[PDB]
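A.B. asks: Can you read through this structure? Questions will come right after.
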Amino acid sequence: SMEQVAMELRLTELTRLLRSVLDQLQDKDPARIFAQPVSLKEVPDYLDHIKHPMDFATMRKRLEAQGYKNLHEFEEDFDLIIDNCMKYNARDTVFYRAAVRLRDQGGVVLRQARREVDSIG
């Protein structure tokens with residue numbers, strides 16, 4: 001139908017805007033701490049600690065499959081990256097500190113993305 005097509009064009013454009021958001025967030029992680037899944041070869045007990053692992057490569061796969069229906073779903077995944085790290089790692093680690101900086105800097109990007117998604121519909 002024409003409506004399914006129009007809905008599909010909306011999802012495509014949301015995907016384009018979320019791709020730009022993802023790029024901006026990932027630039028706030030210049031050390032690439034959050035770029036890939038935590039390795040289960042190198043942290044074999046990780047899933048005993050963290051029940052829903054997340055990372056930027058995994059978000060990018062979901063994004064390119066148009067698997068984010070709205071900004072809320074995309075933010076959920078970004079928040080997992082941060083919140084998993086802040087639980088698994090102690091306060092005095094480069095990992096935790098990187099997550100806090102990513103959260104603080106990403107807030108700005110996500111604040112305007114919410115306005116853009118609301119604005120363009």
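FYI, nothing fancy with the structure tokens labels: chains A, B, ... in order, residues from 1 per chain, ligands from 1 as they appear.
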I need the residues in segment 62-119 of chain A that are alpha helix (DSSP H) according to DSSP; give them as a ChimeraX atom specification.

C.D. replies: /A:62-64,71-88,94-119

A.B. asks: Just want the 9 Å neighbourhood of segment 56-66 of chain A, counted on only C-alpha atoms, with same-chain residues fewer than 3 positions away dropped. Output as a list in words.

C.D. replies: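 Those residues are residues 11, 12, 14, 15, 18, 19, 22, 26, 34, 35, 36, 37, 69, 74, 77, 78 and 81 of chain A.
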
A.B. asks: What does the file look like for those residues with C-alpha atoms, as a PDB file, in the first residue's frame?

C.D. replies:
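Everything below was put into part_34.pdb:
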ATOM      1  CA  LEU A  11      11.734   4.502   9.282  1.00  0.00           C
ATOM      2  CA  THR A  12      14.457   5.129   6.703  1.00  0.00           C
ATOM      3  CA  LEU A  14      14.738   7.896  11.383  1.00  0.00           C
ATOM      4  CA  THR A  15      17.547   5.467  10.563  1.00  0.00           C
ATOM      5  CA  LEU A  18      20.071   7.744  14.300  1.00  0.00           C
ATOM      6  CA  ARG A  19      23.141   6.956  12.223  1.00  0.00           C
ATOM      7  CA  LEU A  22      25.497   7.159  16.688  1.00  0.00           C
ATOM      8  CA  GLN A  26      30.956   7.196  19.297  1.00  0.00           C
ATOM      9  CA  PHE A  34      32.865   0.786  23.899  1.00  0.00           C
ATOM     10  CA  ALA A  35      33.446  -0.025  20.228  1.00  0.00           C
ATOM     11  CA  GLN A  36      33.056  -3.805  20.368  1.00  0.00           C
ATOM     12  CA  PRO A  37      31.438  -6.453  22.661  1.00  0.00           C
ATOM     13  CA  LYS A  69      11.570   1.941  15.698  1.00  0.00           C
ATOM     14  CA  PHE A  74      18.148   3.513  20.609  1.00  0.00           C
ATOM     15  CA  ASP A  77      20.818   0.479  24.067  1.00  0.00           C
ATOM     16  CA  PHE A  78      23.172   3.465  24.631  1.00  0.00           C
ATOM     17  CA  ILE A  81      26.621   0.488  27.290  1.00  0.00           C
TER      18      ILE A  81
END

A.B. asks: Would you pick out the contacts of residue 99 of chain A at 12 Å or less, using only C-alpha atoms, so that residues sharing its chain but fewer than 5 positions from it are not included, and give the list as number ranges by chain?

C.D. replies: A: 25-26, 28-34, 55, 78-94, 104-106

A.B. asks: Contacts of segment 107-121 of chain A at 10 Å or less, counting only C-alpha atoms, minus same-chain residues fewer than 5 places along, as JSON, numbers by chain?

C.D. replies: {"A": [10, 13, 14, 17, 18, 20, 21, 22, 24, 25, 70, 71, 72, 75, 101, 102]}

A.B. asks: In Å, with one decimal, what is the gap from atom CA of residue 38 of chain A to atom CA of residue 54 of chain A?

C.D. replies: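 Interatomic distance here is 8.3 Å.
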
A.B. asks: Using atom CA of residue 43 of chain A and atom CA of residue 96 of chain A as the two end points, give the distance in Å to one decimal.

C.D. replies: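 Atom-to-atom, atom CA of residue 43 of chain A and atom CA of residue 96 of chain A are spaced 16.2 Å apart.
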
A.B. asks: For the atom pair atom CA of residue 73 of chain A and atom CA of residue 41 of chain A, what is the interatomic distance in Å to one decimal place?

C.D. replies: 28.7 Å
